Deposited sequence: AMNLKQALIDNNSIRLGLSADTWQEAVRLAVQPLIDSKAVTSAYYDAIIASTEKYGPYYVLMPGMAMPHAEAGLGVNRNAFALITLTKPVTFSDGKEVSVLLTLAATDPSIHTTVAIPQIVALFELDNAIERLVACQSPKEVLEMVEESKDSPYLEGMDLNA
C-alpha cells in the first residue's frame, strides 16, 4: 500500500494548469490521468458523479482542494492523480476548488488510514494551493510532495 509521491510517478499522474467550467468538467479532468495510466476505467468517473449526486461534494475537505473518489468500481489498482486548475471551479455546495487530488482504491479503509493523512499533509504546507497552482512542472509538484513527508 500507498505512497503519494511514488503513486504519482507510477501513474505519471500530474497535470498542470487545466481549465474547467463546471465541477463535473473538473472531475472528468481529474480522473483522466488515471484512465491514461489504466489504473481506473471511465466507470470510475461515473461513480464519482453519482456519489456526488447522492451525497453532495463530500471529498472537498479543505479550501481550494477536492480529493475526488467513490466507494469502490472501475478500479484495478491503487493510484493517485493530481491536477491543477487555471481558474477555481465551484462545487454544488458552494465551495471553490483549484486543486483536485483524485484517489482510487480497491479497499475502502485505505481512504482514512492511509490516503487522507498524506493528502492532509501536502495541503497543511504554508501557502499550498497557490504554490501548487504556480507549479511549472510535475518535478516541483513532486518536490512539494517530498516536503510533505517530514516535520
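Asker: How would you list, in order, the spans of the deposited sequence that the model does not cover?
Answerer: Several stretches lack coordinates - namely 73, 153-162, in sequence order.
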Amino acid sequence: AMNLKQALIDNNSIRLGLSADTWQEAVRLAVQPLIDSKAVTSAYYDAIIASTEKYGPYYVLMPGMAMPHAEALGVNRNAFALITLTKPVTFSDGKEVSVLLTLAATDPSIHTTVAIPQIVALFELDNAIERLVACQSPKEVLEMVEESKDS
From here on, numbers count along this sequence of modelled residues.
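Asker: Should the higher mean CA B-factor in the entry be assigned to 94-102 or to 121-129?
Answerer: Per the PDB record, 121-129.
Asker: What third of its chain's C-alpha B-factors does residue 81 belong to: lowest, middle or highest?
Answerer: Bottom third by C-alpha B-factor.
Asker: Please place residue 34 in the lowest, middle or highest third of its chain by C-alpha B factor as given in the entry.
Answerer: Residue 34: CA B-factor falls in the lowest third of its chain.
Asker: How does the C-alpha B factor of residue 50 compare with the rest of the chain: lowest, middle or highest third?
Answerer: Lowest third, going by the recorded CA B-factors of the chain.
Asker: Taking the C-alpha B-factors as the PDB entry records them, is residue 73 in the lowest, middle or highest third of its chain?
Answerer: Tercile = middle for this residue's CA B-factor.
Asker: Considering only modelled residues of the same chain, in which third does the CA B-factor of residue 62 rank: lowest, middle or highest?
Answerer: It falls in the top third of the chain.
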